[PDB]
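# Structural characterization, general
Okay, here's what each chain looks like letter by letter:
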4 protein chains.
Amino acid sequence: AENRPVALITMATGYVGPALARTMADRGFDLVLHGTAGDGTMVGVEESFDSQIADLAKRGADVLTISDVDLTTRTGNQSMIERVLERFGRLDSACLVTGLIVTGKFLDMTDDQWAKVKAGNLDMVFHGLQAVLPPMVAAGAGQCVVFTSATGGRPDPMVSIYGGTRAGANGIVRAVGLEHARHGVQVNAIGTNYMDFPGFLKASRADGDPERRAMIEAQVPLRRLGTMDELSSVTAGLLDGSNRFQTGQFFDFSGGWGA
Amino acid sequence: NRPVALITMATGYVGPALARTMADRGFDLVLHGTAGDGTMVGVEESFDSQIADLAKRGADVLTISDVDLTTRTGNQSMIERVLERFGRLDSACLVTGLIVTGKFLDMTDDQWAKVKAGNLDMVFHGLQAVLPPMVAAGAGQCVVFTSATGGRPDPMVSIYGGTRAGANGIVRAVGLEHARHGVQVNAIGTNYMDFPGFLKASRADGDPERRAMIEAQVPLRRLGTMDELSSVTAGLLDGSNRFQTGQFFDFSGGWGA
Amino acid sequence: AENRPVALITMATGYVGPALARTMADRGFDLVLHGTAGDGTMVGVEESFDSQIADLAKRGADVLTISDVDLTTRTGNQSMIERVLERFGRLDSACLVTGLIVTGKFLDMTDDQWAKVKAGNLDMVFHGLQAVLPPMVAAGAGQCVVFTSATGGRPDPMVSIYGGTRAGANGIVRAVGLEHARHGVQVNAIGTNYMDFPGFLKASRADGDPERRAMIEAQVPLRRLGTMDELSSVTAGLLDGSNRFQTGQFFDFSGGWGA
Amino acid sequence: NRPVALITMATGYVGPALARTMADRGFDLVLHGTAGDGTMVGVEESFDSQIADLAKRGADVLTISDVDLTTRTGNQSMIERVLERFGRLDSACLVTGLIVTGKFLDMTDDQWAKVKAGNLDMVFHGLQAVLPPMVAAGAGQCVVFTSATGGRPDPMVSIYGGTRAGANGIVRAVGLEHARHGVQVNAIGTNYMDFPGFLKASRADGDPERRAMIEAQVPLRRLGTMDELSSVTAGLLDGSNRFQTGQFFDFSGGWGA
Ligand SMILES: [Cl-]
Ligand SMILES: [Cl-]
Ligand SMILES: [Cl-]
Ligand SMILES: [Cl-]
């Protein structure tokens with residue numbers, strides 16, 4: 001009877017997940033966090049589920065955690081949404097964080113690297129959207145954000161297959177966001193670059209290297225790395241019901257780099 | 001002290017709702033717009049009606065109503081009055097444009113002059129006036145309202161949509177050019193918005209059948225509300241997001257996707 | 001000796017292939033035609049190799065045909081280019097026709113449909129470019145056109161996974177064209193729609209139906225279907241050495257539909 | 001009877017090479033340009049230097065000078081002279097623009113007026129003049145030269161690049177709007193072309209060192225040639241391709257990709 005909306009956030013033990021969960025809880029949502037199990041020492045885990053759950057529960061959110069599902073597959077994504085609906089009976093918002101980073105010269109790319117970028121950058125999008133949309137269509141309302149990459153808006157040398165498949169994800173999102181708009185469902189993509197979190201600081205090798213860090217920031221028009229507080233704010237605005245008038249769109253979030 | 005937001009054409013369109021939420025977010029306000037009560041032609045919410053409410057929200061308000069924003073003089077004078085009153089300018093929402101439609105080969109020199117003045121001169125002179133105090137302060141946020149037509153200039157909208165695309169291009173360059181000074185400049189272009197101006201021009205006002213026909217042109221099958229638009233606009237003007245600049249955002253229910 | 005340049009054209013028994021081969025021969029090229037074996041009464045064969053070879057040889061062009069090789073894989077594309085180089089010792093231009101059409105509601109798409117579109121719209125591009133570029137890089141000059149689809153410039157409802165993956169192919173071409181510009185190797189994409197050839201008439205269901213065809217033509221700003229003579233002229237202009245100053249670009253060729 | 005192609009600014013830029021290949025392709029020619037010999041400012045191939053070669057290729061040639069193509073009067077006069085001479089206008093190559101660069105906040109009202117006249121008025125009035133005879137005939141092909149900067153309006157090029165984006169938008173709408181009449185209108189935008197206007201704007205003229213620095217900005221690492229550009233341009237004007245309209249083509253060595 002409380003009629004609390006439910007937001008799914010994937011890869012939620014890092015990147016935008018933790019800050020987005022906090023603000024979605026502040027906005028009255030119950031939460032489903034997909035991510036990697038383990039404590040803060042686990043690789044890729046920036047904020048563990050145990051730490052997040054305690055804070056999110058303090059905010060009044062009910063939280064379901066989902067770990068060790070392979071979201072590059074139909075099975076993983078279908079299982080995830082079945083568990084969402086079992087717990088909460090509804091899905092109002094979904095933040096699908098996708099991707100697998102591969103960089104290098106185009107002619108150096110192997111079949112394995114090609115397979116991996118397709119699995120991360122496209123299969124996660126295809127199967128994720130096939131899983132989250134049915135309950136949204138059934139309800140006549142929903143909001144989805146797919147995280148792709150700012151490289152999808154300008155695929156450049158050394159990120160040919162990563163950036164190119166990100167552009168494909170953006171295109172799928174355009175079609176899908178337009179196709180389900182008549183059912184009250186928004187699907188948009190956000191693509192970031194130059195964000196201050198471990199994943200970026202490693203791919204750019206700015207980690208523990210102030211001189212590298214500074215050269216990287218100088219590549220950004222706004223001369224800084226973006227923060228997860230800023231990104232969670234924009235992302236929540238596309239998932240909290242406050243804006244029901246954009247769909248099928250791609251939003252660059254990279255300090256002007258993808259303008 | 002409280003940061004200061006300038007909003008133009010603020011007696012209609014997004015202005016009133018944006019003023020309300022910016023006041024909620026802790027800003028003082030400078031409202032440029034049209035003098036008079038709600039019975040005047042352009043006035044959707046009078047200055048008089050807004051001042052009472054915005055003061056209750058904690059905002060000091062300065063109104064400016066006698067300036068032509070197609071010229072250097074009008075915009076320079078507006079910003080001079082902002083700084084005289086509050087000593088700062090943190091955010092600016094510049095609403096621009098003059099609508100002309102019709103066959104390209106029917107457009108007169110006067111129609112061409114007018115769309116350039118509304119769609120381009122207001123942007124050029126507006127940004128030249130608001131940016132200097134922001135650059136001097138090392139921080140600022142600007143949203144220029146152009147049009148969703150700028151993202152897809154179409155038949156029967158050639159000179160309007162085309163000059164809107166030009167305004168978006170100016171915003172791209174200017175937003176990238178002043179990024180190193182901590183200043184953001186972005187553009188928003190709408191269509192199919194639920195406000196009296198569009199309702200009356202489309203004949204959806206008071207006409208449910210016509211409104212349904214108009215909504216059917218929109219992927220999301222509705223008209224956007226000013227509360228929604230003001231939320232998105234304020235998110236680019238309230239300090240919460242300092243990581244987008246030089247960008248154009250379509251806000252038309254998917255119509256410009 | 002004669003220093004005749006060599007152009008590869010794939011899927012050349014239909015679509016733009018036959019007209020492009022004629023005009024490239026006229027412009028002084030030797031030709032490698034990949035395609036489907038069989039006479040004109042074969043499915044998908046608009047002009048058989050036998051009929052094309054007679055005419056192309058009359059124009060002075062040497063022709064190598066490459067039949068029944070699968071271009072969705074590394075092995076097929078690598079074998080194709082090995083045979084090009086064994087026969088002619090060079091590859092100056094390549095027209096890579098790619099794709100596999102699937103349409104329908106996004107939520108009706110099966111894993112098999114998804115695999116199929118990825119293989120046609122992305123794997124053919126990845127493996128095709130990995131095969132054709134090395135000899136062009138070695139020579140310090142080359143020109144490539146990848147045929148994707150006008151839907152890649154505007155992925156729409158009912159065309160989500162096809163148009164979206166086409167957008168990804170366009171993005172790969174952008175990055176690859178920019179990345180090999182230092183080697184003098186242009187890589188551009190052309191995306192068509194509403195072309196007067198069987199493949200479109202079937203997907204649109206306008207064949208033998210003047211009313212449906214008239215409805216389809218009315219969706220085109222220029223109010224007609226495009227011809228292979230027009231398309232081959234534009235394509236040859238990106239492959240004949242006359243224009244070496246565009247790369248990484250996508251060109252819509254759909255009567256204004258993708259403008 | 002030969003079809004007729006109008007080419008403006010034809011004493012420099014793409015004009016001379018385009019005239020040569022359009023003559024080869026069977027066209028008679030109207031060449032608008034600057035009167036005088038090659039020592040005149042901007043004259044790369046004088047009218048006098050071109051005429052013998054063009055006649056040998058089979059073309060009748062009318063030359064036109066001293067019309068202000070930023071105005072309705074000049075463009076209307078030009079097309080009237082085309083029709084009086086040849087009775088038809090099949091193809092038009094409208095070269096437009098006036099380069100201004102510098103910091104946005106340094107731009108004067110005079111600089112703003114000049115870029116609007118060059119980058120927008122030339123397009124508006126040029127298209128209003130060439131299209132009526134093409135629509136009446138049920139066929140025509142037009143290329144408007146804007147700038148590659150219109151695809152990516154950048155710092156230091158704000159009002160030039162921005163208004164070029166507007167010209168591209170006008171061309172999109174107009175190309176779509178007259179497609180039902182069998183008329184194509186497309187834009188080509190160049191940068192990094194090997195001709196005096198670009199060399200001077202980039203300050204690389206007559207200076208191998210600075211030219212190398214400029215070429216380093218281009219993915220294909222050189223300046224484009226007029227033979228290449230005229231090939232692409234003629235392909236949109238020679239009747240061979242009647243299936244693109246309302247489009248913008250970057251021609252800048254990948255710089256605008
Ligand atoms: Cl990032
Ligand atoms: Cl609106
Ligand atoms: Cl087609
Ligand atoms: Cl140039």
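Header annotation of the entry names X-ray crystallography as the structure determination method and lists the resolution as 1.5500 Å.

## Brief notes about the overall build of chain B
The secondary structure content of chain B amounts to 8 helices and 7 strands. For the C-alpha atoms alone, the extent of chain B along its principal axes is close to 50 × 40 × 35 Å. Taken over 257 residues, chain B has a buried fraction of 61%. The contacts in chain B between residues at least 6 apart in sequence include a share of 72% that link residues at least 24 apart. Surface accessibility of chain B: about 8800 Å² in total, with carbon and sulfur atoms responsible for 50%. Here chain B holds 23 positive side-chain charges and 28 negative ones, and the gap between their average locations is 4 Å.

## Quick word on the overall build of chain A
Across its full length, chain A holds 8 helices and 7 strands. A compact globule built from 259 residues should have a C-alpha radius of gyration of about 18 Å, and chain A, at 18 Å, falls within 12% of that. For chain A, the spread of C-alpha atoms along the principal axes amounts to about 55 × 40 × 35 Å. By sequence separation, contacts in chain A at least 24 residues apart represent 73% of the contacts at least 6 residues apart.

## Some points on the interface of chain A and chain C
Contacts between the two partners involve 36 residues from chain A and, on the opposite side, 36 residues from chain C. Across the chain A to chain C interface the summed buried area is about 3000 Å²; carbon plus sulfur atoms make up 67%. The largest per-residue losses of area from chain A upon contact with chain C belong to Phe106, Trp114 and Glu179 of chain A, which jointly make up 21% of the total buried on that side. Scanning the region where chain A abuts chain C turns up 6 salt bridges. The partner of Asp156 of chain A in a salt bridge is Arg174 of chain C, and the shortest N-O contact between them spans 2.9 Å.

## Things to note about the relation of the copies chain A and chain C
Mapping chain A onto chain C leaves a residual RMSD of 0.2 Å; the transformation is a rotation of 180 degrees accompanied by 0.0 Å of translation along its axis. These values place the two chain copies in the arrangement generated by a two-fold rotation axis. Among all C-alpha atoms of chain A, that of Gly168 of chain A lies closest to the rotation axis, at 1.8 Å. Here 100% of the interface residues in chain A have copies in chain C that are interface residues too; the copies meet face to matching face.

## Digging into helix α3 (residues 74–88) of chain A
All names here are of chain A. Compared with an ideal rise of 1.5 Å per residue, which puts 15 residues at 21 Å, α3 spans 21 Å between its outermost C-alpha atoms and is within 8% of the ideal. Every buried residue of α3 is listed here: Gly76, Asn77, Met80, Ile81, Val84 and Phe88. Buried residues along α3 cover an arc of 125 degrees about the axis, so they all sit on one side. Of the exposed residues in α3, the ones pointing more than 90 degrees away from its buried face are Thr75, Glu82 and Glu86. Here the buried face of α3 lies against β1 (6–9), β2 (30–35), β3 (63–67) and α4 (111–139). For α3, the capping residue at the N-terminal end is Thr73, with a side-chain oxygen 3.0 Å from the backbone nitrogen of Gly76.

## A closer look at the arrangement of the chains
If you take every C-alpha in chain B and every C-alpha in chain C, the smallest gap between them is 9 Å, and the two do not touch. Chain A makes no contact with chain D; the smallest distance between any of their C-alpha atoms is 9 Å.

## Here's the deal with the sheet that holds strand β1 (residues 4–7) of chain B
All names here are of chain B. The strand order across the open sheet formed by 7 strands is β3-β2-β1-β4-β5-β6-β7, and the pairing between neighbours is parallel. The open sheet has two free edges, formed respectively by β3 (61–64) and β7 (248–251), since each of these has just one partner strand. Neighbour-to-neighbour, the strand axes of this sheet turn through a mean angle of 15 degrees, independent of strand direction.

## Some remarks on the pairing of strand β3 (residues 61–64) of chain D
All names here are of chain D. Note that strand β2 (residues 28–32) and β3 share 4 bridges and pair parallel. Opposite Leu29, over in β3, you have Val61 as the bridge partner. In this view, the connection linking β2 to its parallel neighbour β3 by way of helix α2 (residues 47–56) has right-handed handedness.

## Here's the deal with the interface of chain A and chain B
Accessible area lost when the parts come together is the quantity often used to give the size of an interface. At the junction of the two partners, chain A supplies 34 residues and chain B supplies 34 residues. For the pair chain A and chain B, the two sides together bury roughly 2600 Å², of which 62% comes from carbon and sulfur. Summed over the three residues of chain A that lose the most area to chain B, namely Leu222, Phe245 and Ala259 of chain A, the buried surface amounts to 30% of that side. Connecting chain A to chain B are 0 salt bridges.

## Looking at the sheet that holds β3 of chain A
Residues and elements named next belong to chain A. Within the open sheet, the 7 strands sit side by side as β3-β2-β1-β4-β5-β6-β7. Their pairing is parallel. Edge positions in the sheet fall to β3 and β7 (250–253), since each of these pairs with one other strand and no more. Between one strand axis and the next, the sheet turns by 15 degrees as a mean value, whatever way the strands run. Where strand β4 (residues 93–97) lies against strand β5 (residues 142–147), 5 bridges are found, and the strand directions are parallel.

## Remarks on the pairing of strand β4 (residues 91–95) of chain D
In summary, the side chains of a regular strand alternate between the two faces of the sheet. Residue and element names in this part refer to chain D. Of all 5 residues in β4, 5 are buried; the element is thus mostly enclosed. What you see with β4 is no split at all: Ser91, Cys93 and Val95 on one side and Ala92 and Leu94 on the other are buried throughout. Across 3 bridges, strand β1 (residues 4–7) lies against β4 in parallel orientation. Its bridge partner being in β4, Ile7 is matched across the sheet by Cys93. Read as a crossover between parallel neighbours, the route from β4 over helix α4 (residues 109–137) to strand β5 (residues 140–145) is right-handed.

## Examining the nonpolar core
Ranked by size, the top nonpolar core spans 84 residues in total, and within it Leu31 of chain C together with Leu29 of chain D carry the most contacts. Discounting residues that sit within four places of it in the chain, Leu31 of chain C has contacts with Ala7, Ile9, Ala21, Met24, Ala25, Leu56, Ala61, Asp62, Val63, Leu64 and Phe88 of chain C. Counting residues in each nonpolar core, the second largest holds 83 residues, with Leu20 and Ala150 of chain A together with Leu31 and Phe251 of chain B among its members.

## Points about the packing of aromatic side chains
Here the structure, examined in full by the defined rule, presents 30 aromatic pairs over all chains. Centre to centre, the rings of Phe251 of chain C and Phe249 of chain D are 6.2 Å apart; their planes meet at 50 degrees, and the pair counts as tilted. Of the two residues, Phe251 of chain C is situated in strand β7 (residues 250–253) and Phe249 of chain D in strand β7 (residues 248–251); the pairing between them involves two chains. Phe249 of chain D shares its class with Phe251 of chain C; the two are buried. One aromatic cluster is present, built from ring pairs that chain together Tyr15, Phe147 and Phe197 of chain A.

The rules behind the values
- Residues numbered from 1 in each chain as written, not as in the entry; some residues may be left out.
- Chains lettered and ligands numbered in written order.
- Heavy atoms only, no water.
- Residues with missing side-chain atoms left out of burial classes, pairs and counts.
- Helix = DSSP H or I, 4+ residues; strand = E, 2+ residues; numbered from the N terminus.
- Buried < 20%, exposed > 50% of the residue type's maximum accessible area, 1.4 Å probe, protein only.
- Contact = heavy atoms within 4.5 Å.
- Areas by Shrake-Rupley, 256 points an atom, 1.4 Å probe, with all protein chains shown as cover.
- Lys, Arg positive; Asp, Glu negative; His and termini not counted.
- Charge placed at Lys NZ, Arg CZ, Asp CG, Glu CD.
- Rg over C-alpha atoms; globule rule 2.2 N^0.38 Å.
- Buried area = accessible area lost by both parts, 1.4 Å probe.
- Salt bridge = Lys/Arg side-chain N within 4 Å of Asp/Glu carboxyl O.
- Least-squares fit on C-alpha atoms.
- Expected span 1.5 Å × (residues − 1).
- Arc of directions from axis to C-beta.
- Polar contact = N/O pair within 3.5 Å; in protein donor to acceptor, adjacent residues only side chain to side chain.
- Pairing = 2+ DSSP bridges.
- Axes fitted to C-alpha atoms, helices over the stretch in contact; angles between N-to-C directions.
- Right-handed = clockwise from strand over helix to strand, strands pointing away.
- Core = buried A, V, L, I, M, F, W, Y, C linked by side-chain atoms within 4.5 Å.
- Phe/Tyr/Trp six-rings, centres within 6.5 Å; stacked < 30°, edge-to-face > 60°.

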